[PDB]
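# Requesting a structural model of the entry that follows:
(2 chains, ligands or ions: 5)
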Amino acid sequence: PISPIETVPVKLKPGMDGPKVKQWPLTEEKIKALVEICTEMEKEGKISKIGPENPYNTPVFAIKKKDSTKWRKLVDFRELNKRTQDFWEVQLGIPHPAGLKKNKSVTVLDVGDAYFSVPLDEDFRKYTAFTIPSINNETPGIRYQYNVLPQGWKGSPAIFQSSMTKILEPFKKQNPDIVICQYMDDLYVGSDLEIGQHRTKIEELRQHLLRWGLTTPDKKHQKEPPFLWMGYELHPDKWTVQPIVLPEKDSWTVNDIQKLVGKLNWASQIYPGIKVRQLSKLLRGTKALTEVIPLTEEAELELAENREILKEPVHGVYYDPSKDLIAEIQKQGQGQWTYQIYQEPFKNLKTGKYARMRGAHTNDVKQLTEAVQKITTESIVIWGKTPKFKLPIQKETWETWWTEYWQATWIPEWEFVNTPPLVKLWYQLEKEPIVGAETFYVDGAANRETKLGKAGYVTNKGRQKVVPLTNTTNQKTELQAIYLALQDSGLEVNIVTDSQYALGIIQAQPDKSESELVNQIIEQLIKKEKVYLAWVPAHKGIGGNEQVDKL
Amino acid sequence: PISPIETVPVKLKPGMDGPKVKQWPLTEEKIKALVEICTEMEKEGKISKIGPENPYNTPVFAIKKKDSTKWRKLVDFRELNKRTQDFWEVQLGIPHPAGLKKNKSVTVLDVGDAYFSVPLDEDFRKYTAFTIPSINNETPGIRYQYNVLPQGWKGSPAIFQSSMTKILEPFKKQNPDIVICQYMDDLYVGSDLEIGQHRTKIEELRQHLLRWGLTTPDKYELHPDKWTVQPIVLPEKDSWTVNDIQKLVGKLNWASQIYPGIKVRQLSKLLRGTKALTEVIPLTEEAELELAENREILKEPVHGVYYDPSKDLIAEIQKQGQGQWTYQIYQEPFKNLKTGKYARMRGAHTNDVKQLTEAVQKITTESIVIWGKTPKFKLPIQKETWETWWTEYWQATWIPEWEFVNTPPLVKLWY
Ligand SMILES: Nc1ncnc2c1ncn2[C@@H]1O[C@H](COP(=O)(O)OP(=O)(O)OP(=O)(O)O)[C@@H](O)[C@H]1O
Ligand SMILES: [Mn+2]
Ligand SMILES: [Mn+2]
Ligand SMILES: [Mn+2]
Ligand code: NA
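Numbering: from 1, shown residues only, chains lettered A, B, ... in the order given. Ligands and ions are numbered 1, 2, ... in the order given. Pasting the structure now:
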C-alpha cells in the first residue's frame, strides 16, 4: 500500500532547477506495455496524472524479463539525481554474519514493494515527471509524475530507510529483548523466546508494519534455516556467502554495466580486491541507457579479475561475546599476509589477506604493523573490540625496530607463534664508524637534460672508480654510487654520501623495493657483515667528498 | 544569564558549505557511553534527532577526561570550525595576558557546561549534525543536531563571551592579581599565591560560578614558572675522529640556517682529504675558535624572532628514543618561538602513540597558556597508525590540527 507516515522534505541542489530531458519514441508494443504498467500504478496511487504546467521530464524505458514476457518500467533518473540534494550515508557498511550472536529463535522478513509504500514530499513530486510517447504519434503524450519513492531516484534508499527506522522504533522500544537488524527493508528478527512466544511477537511486528502500509509478504523466511539474509546463508551453527555470479555478455548496455557496478560495489565489501575503476569509466558521459558500449581492454580484464575473486567460497561461525577474539597473521609470498579471527581453535569467525602498501620501499616488520592496524579497525567495526594477536615476530625483533625506527610506532598486546616464515630485519646498519674497514666516499650526478650521468667513489686507500650511465637522474646515480662502493668492498665497509635522499631510504632498513637498484643494494647489504653509513653536506668541501667529484 | 534569549545569527565563510566528515568506528564501550549521554542530552532539549535530508556530519567519540570514571562526549568540530565565519564579536578586545605564562600556578577549569544554556541560531543547527554509530552496522546509526551552543565549536566561546565577562567581573574585582584567561571550553586561572592559597581561591571561584549557572567539575594544575627551553648544543671530547668532526661540521652547517653567526671554515679545513672515519684527527687550525665562538652563538635569540598573532603556530616533534621527545614551535621556519623536550613517562613504558599523544596535548596546553592559540602539529607517525589509536589516549576537550610527516636526520640536530 502507501504508508500514512510523514514525508521527508526534499530539495534540489542550491541553484539548480528540475530535469528537462527529452524522451525518445519507443515501439508500439512498449508504448502500450508501459501504458499498461502505468495504469496499474495510477490505480494503486503510486504515480499520478499531470499535463500542462509541468516543465519537466525524465526519460522512460521498458524492458522484458527474457524468461517470462514481463515488461518492467525503467525510468532514467541520472539527471534528476545530479540535481537532487545530497542526503546522508547509506552505510558503506553492511552487517557481517560473524558479528551476529547465536539466537535461539530467528525470523527473516522483507517488505514487498517497500519504496512504493513510502510517500514522496509533495513539493518535490513535480520533478519526477516523465511521459509515455505516442504510437499514432498524434496524441499529445501521456505525462505522469510520482507520489511515492521512485526506484533509481537518488534519495529513495535514504528516505525509505529513515522511514523504516521510525516505524520500527515504537516496537523496538516495546520489546527491548528482541534484536532486529535492518538493512533497507530486510529485517533479521532474532529473539530469546520459545518458538511459541517468538512467533507471537513476530505477528505483532508484521502487524505493526502493515498498520503503517509496510507489507511483509507471506514469503517470510520460514522460521527455518538456512535463512537467507543480506546474501548469506545463516545456518544454526555456521554461515556461508551465496556465491556471487557476474553476468557473461557479448554486448553490454549502459544499464547493464551500471548494474554490474552496483552488484560489485556491494560485493567488494565481502571480498576485497574487487575493482570497478575501468568499468565506472565506461559510464562516463551521458549516453542513452540502452546505447551499447564496448568494454575497454582494461574493463574486460577487470571483470575477469573480479570473477576470479568471487570464485573463492566464504564461511564462518557466529560470535560469542563471552570469549575473547583472537587474530593470527601469517607472512606469505612476498608482500601478502593472511590472517584469521577466531574464538575457538580452527572455528574461524572471519579470515582474509591483506595486500602490501602503495609505499615505494618497505620492510616486513612495517607491513606486519600495517596489517595489525587493519584487523584492529576491522574488529572494532564488527565486534566493537580489539582482538588479542598471535604474531610471527619475536619480542626481540620488534623491540629492536621499536628502538631504531624514528617514527612513532606500536603494536597492541600479542603472543609469539613459531610458524614460519618469521618476520625479521635482514640487516643492521652500524651505529659507530667501523675501525679498520675501508672508507668509501661515494658520489653521483646526472645532467637534468640529456639524462646521462656518472657514479663513483674514492676511498682512503687511494682506490677510485667512475662508471658512466645513460637515462638516469641525480637521485638514482647517488644510489648507484652507494651500490658501487657496496660491491667493490670488503665484508665490512664505511660509506659516506652527500645525498640525504639515499641516506633516508637505506636508513629505514628496507627489505624490498620497487626499483631493482635498491633491491640490489638491499641484497648487497644483507651479505655484508658490518656497514656504517655517514652523511655530510653537499659542495661544502668536506672530506674526500669535495674530491669524489670527477664530473 | 542568557537563557530564553534571541539567538545570534551565524553564517559559514563565503562559498563554503557545511562539513561532511566520516564517523570513525567506535568501540562498543564508547558507543554505549555516547548513547546514554545523547538520550539524556535529548531529554534536556540540547540536541534533536534529525532526518536523512540533513547531508552534514561531524565525527564524535568519548574520553575519560584526565582520570575520571565518567565518559565525556567529545565532538570533533575541526572542519565546521574551519568553515564558520570568523566571529566578529571580536572579543579579541581581550588580548592574551602575558602574565599567565609567568604565574607560579595555573589551574584549568572546564566551563563547557555553560554553553548548553544558550540557544543556537535555528538556521545554523543543521551544520552541527553528528552520528552515533552501530556495532557491526546492524542499524542505521543515531543522527543528531545541536539546538544549543555546542562544546568544541568555534562560535560558542565567541557568542557566550559577553555573558562570561559579566560573570567574572565580580570575582576579578575582589581578586585583583589573579589572571583569568579563556580558551574554548576552559578557564585558565593563574596566581602567584602559595599553592594551598591558590587551590583555595579556585574552589572559591568555582562556587562563585556555581551560584551563577555555570557548573564546573570537582577538585588540572600547571606551573609555567618551571617551563624551560632546550638549547642546541654540541659534544665535548678529548679525542676527535674524522667521523666526529663530520657529524659536527654537519649539524653546524644546518644550524647556520638559524644563526648566521656560525663558521665551519676551520672545520671544513680539518676534513681536507679522504681519511678513514676512525682516524683520530688533531685539534687543528685554532678550531677551538670555531667550536668556542660557535658554541657561544647558541645562546643568542634568532635575528627577529617575535610572535606575530596573525600567523599560525606550527609544531614539529621528533622521537628521540628512550621515552624522550623533542619539539619546536614556530611560525616561520628557523625562527622558533620555543624549543622544548617532553620526556615524561620515562624509564619503564612502551607505547609511542600513547607518548606522542600525551606530548601533543602537553605542547598544546603550553602553547595556549603562552599565546592562547593551539599550534598545527607535524606528527612523526604514519596516518593509519595515529588514527587507529590516538583517541584511546586523548584527554583534552579540544583537538588541534595536524598532518603527518617523515623524519630524517633532523633528530640528530636536536638530541
Ligand atoms: N537488501 C537490499 N540490498 C540492496 N538494495 C535493496 C535491498 N532491499 C531493498 N533494496 C532497494 O529497495 C528497492 C525497493 O525494495 P522492494 O521492497 O521493492 O524490493 P527488495 O527489498 O529488493 O525485495 P522484494 O522485491 O522481494 O520485495 C529495491 O528494488 C532496491 O533497489
Ligand atoms: Mn522488499
Ligand atoms: Mn529488501
Ligand atoms: Mn652528491
Ligand atoms: Na543468531
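
# buried sites along stretch A:299-312?
Judged by neighbour count (16 or more other CB atoms under 10 Å in any protein chain shown), stretch A:299-312 contains these buried residues: A:299, A:302, A:303, A:306, A:309, A:310. For the C-beta atoms, the positions are set from N, CA and C on the backbone; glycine is no exception.

# Now secondary structure and distance to ligand 2 too, for these, in CSV please.
Written out in CSV, the entries for the buried residues of stretch A:299-312 read as follows (DSSP: H, G, I helix; E, B strand; the rest coil; distance: CB to the ion, whole Å):
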residue, secondary structure, distance to ligand 2
A:299, helix, 31
A:302, helix, 31
A:303, helix, 28
A:306, helix, 27
A:309, helix, 28
A:310, coil, 24
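
# Pick out whichever of the residues you listed sits closest to residue A:259.
Taking CB to CB as the measure, residue A:303 is the one of these closest to residue A:259, at 13.1 Å.

# Tell me which stretches of the chain form helices.
Since you didn't name a chain, this refers to chain A. Using DSSP state H, the helices found in chain A span residues A:30-44, A:78-83, A:156-174, A:195-210, A:254-267, A:277-280, A:297-309, A:364-383, A:395-404, A:474-487, A:500-507, A:516-527, A:543-547.

# Chain B, not that one
If DSSP H is used as the criterion, the helices of chain B fall at B:28-43, B:78-83, B:155-174, B:195-210, B:242-255, B:265-270, B:287-297, B:352-371, B:383-389.

# Can you name the residue of the stretch 1-150 of chain B nearest ligand 5?
Nearest to ligand 5 in the stretch 1-150 of chain B, going by CB to the ion, is residue B:138, at a distance of 11.8 Å.

# my bad, should have said the stretch 401-550 of chain A
Ranked by CB to the ion, the top residue of the stretch 401-550 of chain A for proximity to ligand 5 is residue A:412, at 28.6 Å.

# cool, and chain A?
Scanning chain A for the residue nearest ligand 5 gives residue A:103, at 3.4 Å (criterion: CB to the ion).

# wait, what's in contact with that residue?
Shown in contact with residue A:103 (CB atoms under 8 Å, 6 or more residues apart in numbering or on different chains): A:179, A:190, A:191, A:192.

# With residue A:520 instead?
By CB under 8 Å, 6+ apart, the contact list for residue A:520 reads residue A:483.

# From residue B:102, how far out is it?
With distances taken as CB to CB, to the nearest Å, residue A:520 is found 59 Å from residue B:102.

# do residue B:129 as well
To residue B:102, residue B:129 is 42 Å away according to CB to CB.

# got the phi/psi numbers for the residue of the stretch 401-550 of chain A closest to ligand 5?
According to degrees, to the nearest 10, the main-chain angles of residue A:412 amount to phi -60, psi -170.

# Can you add neighbour count and distance to ligand 1 and give the contacts of residue A:103 back as JSON lines?
As requested, the contacts of residue A:103 are arranged in JSON lines below (neighbours: other CB atoms under 10 Å in any protein chain shown; distance: CB to the nearest ligand atom, whole Å):
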{"residue": "A:179", "neighbour count": "18", "distance to ligand 1": "18"}
{"residue": "A:190", "neighbour count": "22", "distance to ligand 1": "17"}
{"residue": "A:191", "neighbour count": "20", "distance to ligand 1": "22"}
{"residue": "A:192", "neighbour count": "12", "distance to ligand 1": "25"}
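
# Just to be sure, which of these are found in strands?
The strands, defined by DSSP state E, take in A:179, A:190, A:191 from the contacts of residue A:103.

# Identify the residue nearest residue A:474 in space, chain neighbours excluded?
Counting by CB to CB, 6 or more residues apart in numbering or on different chains, residue A:446 is the residue found nearest to residue A:474 once chain neighbours are left out, at 5.3 Å.

# Mark out where each domain of chain B begins and ends.
Following curated CATH domains, one finds the domains of chain B at B:1-94+B:116-156, B:95-115+B:157-223, B:224-307, B:308-413.

# could those go into JSON lines alongside distance to ligand 3 and mean neighbour count?
Listed next are the domains of chain B as JSON lines, based on distance: least, CB to the ion, whole Å; neighbours: other CB atoms under 10 Å in any protein chain shown:
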{"stretch": "domain B:1-94+B:116-156", "distance to ligand 3": "14", "mean neighbour count": "17"}
{"stretch": "domain B:95-115+B:157-223", "distance to ligand 3": "43", "mean neighbour count": "17"}
{"stretch": "domain B:224-307", "distance to ligand 3": "60", "mean neighbour count": "16"}
{"stretch": "domain B:308-413", "distance to ligand 3": "34", "mean neighbour count": "18"}
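
# Now do the same contact list for residue B:351.
Residue B:351 makes contact with residue A:410, according to CB under 8 Å, 6+ apart.

# and residue B:159, what is it in contact with?
By CB under 8 Å, 6+ apart, the contact list for residue B:159 reads B:8, B:10, B:87, B:89, B:118, B:149.

# ok so, going back, which among the helices of chain B is found nearest to ligand 1?
If you check each of the helices of chain B against ligand 1 by CB to the nearest ligand atom, helix B:28-43 wins as the nearest, at 24.0 Å.

# quick one on the thing from earlier: now flag whichever of the ones in strands among the contacts of residue A:103 is closest to residue B:205.
Closest approach between the ones in strands among the contacts of residue A:103 and residue B:205, by CB to CB: residue A:179, at 49.2 Å.

# what separates the closest one from residue A:106, distance-wise?
10 Å.

# go on, residue B:8?
53 Å.

# Quickly note the distance from residue A:95 to residue A:296.
Summarising the geometry, the distance separating residue A:95 from residue A:296, computed by CB to CB, is 35 Å.

# and those two? which has more neighbours close in?
When neighbours are counted by other CB atoms under 10 Å in any protein chain shown, residue A:95 and residue A:296 differ, and residue A:95 comes out ahead with 23 against 13.

# The more buried one is in contact with residue B:138, isn't it?
Yes: counting by CB atoms under 8 Å, residue A:95 sits close enough to residue B:138 to count as a contact (5.4 Å).

# on that earlier part again, quick check, nearest of the ones in strands among the contacts of residue A:103 to ligand 2?
When those are compared for distance to ligand 2 (CB to the ion), residue A:190 wins out at 19.1 Å.

# Give the full set of residues in contact with that closest one.
The contact partners of residue A:190, by CB under 8 Å, 6+ apart, come to A:100, A:103, A:105, A:106, A:107, A:178, A:179, A:180, A:181.

# The nearest residue to it once chain neighbours are set aside and residue A:79: what is the separation?
Take residue A:190 and drop its neighbours on the chain: the residue closest to it by CB to CB, 6+ apart is residue A:103, 3.3 Å away. Applying CB to CB, one obtains 45 Å for the distance of residue A:103 from residue A:79.
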